[PDB]
Amino acid sequence: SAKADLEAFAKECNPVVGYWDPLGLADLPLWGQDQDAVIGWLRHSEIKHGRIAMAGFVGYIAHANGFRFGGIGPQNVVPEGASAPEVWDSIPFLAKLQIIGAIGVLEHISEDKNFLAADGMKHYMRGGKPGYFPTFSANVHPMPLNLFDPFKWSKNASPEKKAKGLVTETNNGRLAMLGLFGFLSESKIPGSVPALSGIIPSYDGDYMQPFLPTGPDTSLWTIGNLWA
Amino acid sequence: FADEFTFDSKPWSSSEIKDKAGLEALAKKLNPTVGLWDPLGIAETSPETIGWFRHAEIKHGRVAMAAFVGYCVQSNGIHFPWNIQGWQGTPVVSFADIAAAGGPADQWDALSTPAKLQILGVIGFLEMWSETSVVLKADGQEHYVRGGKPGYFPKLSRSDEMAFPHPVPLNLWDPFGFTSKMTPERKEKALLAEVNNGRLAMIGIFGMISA
Amino acid sequence: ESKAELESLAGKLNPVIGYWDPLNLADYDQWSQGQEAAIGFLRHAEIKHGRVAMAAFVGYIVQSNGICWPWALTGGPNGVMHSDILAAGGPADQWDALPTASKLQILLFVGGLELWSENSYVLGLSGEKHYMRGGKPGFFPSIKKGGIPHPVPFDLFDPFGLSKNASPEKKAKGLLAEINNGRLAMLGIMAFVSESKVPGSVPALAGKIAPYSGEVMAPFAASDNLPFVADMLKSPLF
Ligand SMILES: CC(=O)O[C@H]1CC(C)(C)C(=C=C/C(C)=C/C=C/C(C)=C/C=C/C=C(C)/C=C/C=C(\C)C(=O)C[C@@]23O[C@]2(C)C[C@@H](O)CC3(C)C)[C@](C)(O)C1
Ligand code: KC2
Ligand code: KC2
Ligand code: KC2
Ligand code: KC2
Ligand SMILES: CC1=C(C#C/C(C)=C/C=C/C(C)=C/C=C/C=C(C)/C=C/C=C(C)/C=C/[C@@]23O[C@]2(C)C[C@@H](O)CC3(C)C)C(C)(C)C[C@H](O)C1
Ligand SMILES: CC1=C(C#C/C(C)=C/C=C/C(C)=C/C=C/C=C(C)/C=C/C=C(C)/C=C/[C@@]23O[C@]2(C)C[C@@H](O)CC3(C)C)C(C)(C)C[C@H](O)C1
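Residue numbers (PDB author numbering), protein chains in the order written: chain u, 27 to 254; chain t, 3 to 213; chain v, 31 to 268.
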């Protein structure tokens, strides 16, 4: 049973706490689908949230402390000394659009039947591995590197080690979620995360609005900027 | 190489220490008084981590003793009689000028940037020659994390297939056989000594830096 | 434990009194889990109060006699010294003059210990069970054996293992002494705080316990700017 697998996974994550579902979301019938499909959805959502939160935390240290690529690019319109909430606000509108669009294409490839079937897998709600990004083996143009393990460092890793790695992924993703929203919360309700008192600056602007402020409308292309 | 870049463990096949009992044996051998002093409990780890800690301790011992002797010499002011720059149409700088720059930290600071880069490059070359598993296995050992002796520097002079394109005259450790043949366990006595004076030189060099 | 075993314990603690429950709180079923569970909870509460009160008695004596630590409590160019916390006033005033982070960290460390004790999985890993399920009424489990990711150097009870290899008779005698010394130290620390708030309440300590204005059953003082602290402190009480 998918619930039994989830409870065992929770025990692996933390045997002191074990399975901790105070709302019974694992028993909620999302979309009227059975418990196995709903648990697949919830595990995929947990892993996805955790992954993106870990990337968000590392990128918060990168942007706020000051870590930029050189050359012509979106980096040249963000003011120096800008804080992590102003970096996204300051990049060009096309940069925001194309970042979100590329993330969307990756989501689409993640849930497409074509790639998951070419990799001999199924959708995470239809008896598949929750949190599996397929190789780009069904994209039209042959694609150099895959998303997960692009250099294939885990081509020969034990299944037990992979299971432990997924157990690590869930826990570290949860903790990264807590830290990243600690950073966000300290800027819109000061004195909420006591350690960050005085570190994170206040930010006047809706975090959850992606395209506000719209940012500059510059044209950063140089050679062949006929569209300007 | 890509088959060995596993990021994971493989079974050990040597008598190197891979447990707390083995660590305790070496601990009493180093010093019967203290024994194993592991408050953080980094003996309760995997064989690869134990070997990693052992090699890290040994390497800190090497660098710390070398640093302490270099600090003492540079404080004594026994500079070199050569010129350190100015042969390919560059400015002239002398080891006397480097010495007169100040204390040994100031001397390193006064050292020119490409000189620093070249020194660090040689040290990195030595480091990766140490880490090369293929070189150790052409020689008689493995990577310290995967059951090798912690501290072994492979020979830089050789005629095997894994030999440099140009012949190298001598090796890093024991270039002229000053070790020659210690007895089969007097080498181990010297290893115990090395760990002890390495720890002492570690404390000494950090104390001097603090002062 | 059962009422018979509790009576045996009381007889061993003082063979003249024996079982002394004028309220019959042992028969008072609370938590609706049987007399065994109720007696387990009451015994755990007695032992925990005894331990905390004995430690607090020694802490009050040490702090009230000007024996602050040499090192600092807060770090920075302008950090509150342990000497400054001493000069804040009497021991309760020292606690109230602590930084908010210091108070929070102390009480949350204690809370983590309390959750660690309450967990039946950790207790089972250490052996024995919950105090309300047939376990030893006061028994802190092993922080090492529980399975914290980093191996802790020492456990909380008997870190250096000086009570290790103790005779079982010595163990039972020690748990009797723990309960009794607890029972007395509770009154000791409460009398210290009572002389602090109401002078002359405990007649013996006259002028030897410093005064105190704020409420003693109030971990957070006016200096602690956390949600609702000032609103809670707005109205004092006897
Ligand atoms: C958008 C835009 O405009 O961006 C701007 C900003 C940006 C991006 C920052 C820019 C930049 C900087 C960049 C990209 C710099 C790149 C630098 C680079 C790429 C530096 C490599 C050094 C490698 C070395 C020394 C290797 C030696 C290697 C050796 C010794 C060997 O060959 C050995 C060996 O192989 C042999 C010969 C063959 C075999 O027998 C044996 C082996 C295998 C052992 C640009 C250019 O300004 C553009
Ligand atoms: C920013 C994003 C991101 C972060 C920060 C992150 C961090 C960690 C950590 C660190 C705490 C661990 C220890 C860990 C472990 C594993 N990750 Mg993960 N990961 C991210 C992204 C992806 C993607 C896209 C995939 C993936 C996977 C796996 C597998 C499965 C291997 C297998 O079963 O073959 C294992 C063991 C692949 C998969 O199939 O997951 C079901 C997969 O496609 N990860 N991952
Ligand atoms: C991971 C995300 C990502 C992907 C996968 C991706 C793919 C493609 C493809 C697909 C094959 C094409 C054909 C394409 C083309 C252009 N991209 Mg694009 N791009 C991504 C990200 C960004 C960012 C951040 C920026 C950017 C831009 C431009 C400009 C316009 C330059 C200009 O008008 O000066 C052009 C012509 C820049 C921009 O619009 O700057 C105002 C800019 O900052 N892209 N991009
Ligand atoms: C500047 C750096 C440096 C210093 C300051 C230093 C000092 C001392 C002292 C102090 C008085 C003693 C007594 C001593 C003794 C031994 N050193 Mg050592 N040593 C340094 C560097 C290297 C390198 C690179 C290697 C090495 C080794 C050995 C072996 C093993 C021989 C064998 O069994 O083959 C023995 C007995 C080799 C090895 O395998 O070490 C595990 C090896 O590669 N040493 N070493
Ligand atoms: C503030 C903290 C504190 C104080 C100041 C304190 C004082 C005294 C005194 C003097 C007044 C005596 C004479 C005494 C004796 C014993 N204490 Mg004790 N104790 C404290 C805390 C704990 C904790 C956490 C545990 C514990 C225990 C034992 C055992 C073990 C018996 C066994 O092994 O069966 C014996 C004999 C452990 C246990 O198992 O108790 C059932 C246990 O977990 N104590 N304890
Ligand atoms: C490597 C890697 C990955 C990655 C990645 C990332 C971040 C990739 C991002 C790629 C990106 C951002 C690629 C932009 C391309 C832009 C193009 C082609 C623009 C053409 C522009 C053209 C053709 C313009 C032409 C003209 O103006 C010209 C010159 C003059 C006239 O004659 C004609 C006109 C006017 C039309 C994976 C796969 C995600 C995961 C894997 O694990 C590892
Ligand atoms: C400027 C210019 C010109 C020029 C020039 C030229 C040709 C310049 C050449 C410079 C050159 C050739 C510079 C070498 C440095 C080598 C160093 C520092 C080696 C250290 C080596 C060390 C420290 C080695 C140590 C050991 O090996 C020992 C001793 C024994 C071994 O057991 C162990 C190890 C390996 C550790 C022209 C031709 C005049 C005209 C032109 O127009 C412009």
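Every residue, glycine too, gets a C-beta built ideally from N, C-alpha and C.
Residue i: first and last residue of the uninterrupted alpha helix (DSSP H) it sits in
i	result
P129 of chain v	Premise fails: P129 of chain v is in no alpha helix (DSSP H) and is neither H nor E.
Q87 of chain t	Segment: none, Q87 of chain t is in no alpha helix (DSSP H) and carries neither H nor E.
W110 of chain t	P106 to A112
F119 of chain u	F119 to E137
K187 of chain u	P185 to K214
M247 of chain v	Where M247 of chain v is concerned, there is no enclosing alpha helix (DSSP H), given that its DSSP letter is neither H nor E.
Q120 of chain t	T115 to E133
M216 of chain v	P198 to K227
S94 of chain v	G64 to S94
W54 of chain t	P49 to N78
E196 of chain t	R188 to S212
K74 of chain u	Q61 to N91
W114 of chain u	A110 to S116
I173 of chain v	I173 to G176
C39 of chain u	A28 to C39
residue 219 of chain t	The displayed coordinates of chain t run from 3 to 213. Any statement about residue 219 of chain t would go beyond what the structure contains.
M262 of chain v	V259 to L263
Closer than 9 Å at the beta carbon, the chain t residues around residue i
i	result
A183 of chain u	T8, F9 and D10
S180 of chain u	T8, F9 and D10
Beta-carbon neighbours of residue i, restricted to chain v and to distances below 8 Å
i	result
residue 2 of chain t	Examination of residue 2 of chain t is not possible in this model, given that chain t is present from 3 through 213 alone.
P41 of chain u	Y151 and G177
Whether residue i touches residue j by CB criterion (9 Å)
i	j	result
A45 of chain t	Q76 of chain t	no
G99 of chain u	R152 of chain u	no
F177 of chain u	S163 of chain u	no
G142 of chain t	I60 of chain t	no
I47 of chain v	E208 of chain v	no
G208 of chain u	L222 of chain u	yes
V103 of chain u	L238 of chain u	no
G80 of chain v	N211 of chain v	yes
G154 of chain u	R77 of chain u	no
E195 of chain u	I117 of chain u	no
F119 of chain u	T248 of chain u	no
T130 of chain v	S243 of chain v	no
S213 of chain u	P227 of chain u	yes
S132 of chain v	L103 of chain v	yes
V219 of chain u	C39 of chain u	no
Closer than 9 Å at the beta carbon, the chain v residues around residue i
i	result
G217 of chain u	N255, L256 and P257
Partners in chain t for residue i, counting only beta-carbon separations shorter than 7 Å
i	result
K190 of chain u	Per Cβ cutoff of 7 Å: no residues; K190 of chain u is ~10 Å from chain t at best.
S163 of chain u	Simply none; closest approach about 20 Å.
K187 of chain u	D10
Residues that residue i contacts on chain u, provided the C-beta gap is smaller than 7 Å
i	result
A131 of chain v	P220
Interface residues of chain v facing residue i [CB-CB closer than 7 Å]
i	result
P41 of chain t	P183
Chain u residues whose Cβ lies nearer than 9 Å to that of residue i
i	result
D5 of chain t	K181 and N182
### Query
Looking at C-beta atoms only, is the number of pairs between the segment 12 to 28 of chain t and the segment 48 to 59 of chain t that lie closer than 8 Å three or more?
Contact between the segment 12 to 28 of chain t and the segment 48 to 59 of chain t is present, because at least three Cβ pairs lie under 8 Å.
#### Entry: Stretch-stretch touch, CB-based, cutoff 8 Å, three pairs: the segment 80 to 88 of chain v with the segment 104 to 116 of chain v
Flag = no, the segment 80 to 88 of chain v and the segment 104 to 116 of chain v do not touch.
#### Entry: Meets three-Cβ-pair contact criterion under 8 Å: the segment 132 to 149 of chain t and the segment 31 to 41 of chain t
Put simply, the segment 132 to 149 of chain t does not touch the segment 31 to 41 of chain t. Fewer than three CB pairs are less than 8 Å apart.
### Message
Can you confirm whether the segment 192 to 204 of chain t touches the segment 171 to 186 of chain v when touching is taken to mean that 3 or more C-beta pairs between the two stretches lie within less than 8 Å?
### Response
These segments do not touch.
### Message
Quick check: the segment 155 to 173 of chain v against the segment 51 to 67 of chain v, are at least 3 beta-carbon pairs closer than 8 Å?
### Response
They touch, by the three-pair rule.
### Query
Between the segment 36 to 56 of chain v and the segment 143 to 151 of chain v, do three or more beta carbon pairs fall short of 8 Å?
Not touching, per the Cβ criterion.
### Task
May I ask you to verify whether the segment 39 to 47 of chain u touches the segment 77 to 95 of chain u, counting CB pairs closer than 8 Å and requiring at least 3?
Contact check between the segment 39 to 47 of chain u and the segment 77 to 95 of chain u: fewer than three CB pairs, one atom from each, fall below 8 Å, which does not count as touching.
### Task
May I ask you to verify whether the segment 239 to 255 of chain v touches the segment 120 to 139 of chain v, counting CB pairs closer than 8 Å and requiring at least 3?
Segments in contact, yes.
### Query
Pairing CB atoms from the segment 223 to 231 of chain v with CB atoms from the segment 81 to 90 of chain t, are three or more of them under 8 Å?
As far as the Cβ criterion goes, the segment 223 to 231 of chain v does not touch the segment 81 to 90 of chain t, which means the pair count is below three.
### Task
Indicate whether the contact test is met: 3 or more Cβ pairs, each with one atom in the segment 186 to 193 of chain u and one in the segment 163 to 174 of chain u, closer than 8 Å.
With a cut-off of 8 Å on Cβ pairs, the segment 186 to 193 of chain u is not in contact with the segment 163 to 174 of chain u, counting fewer than three such pairs.
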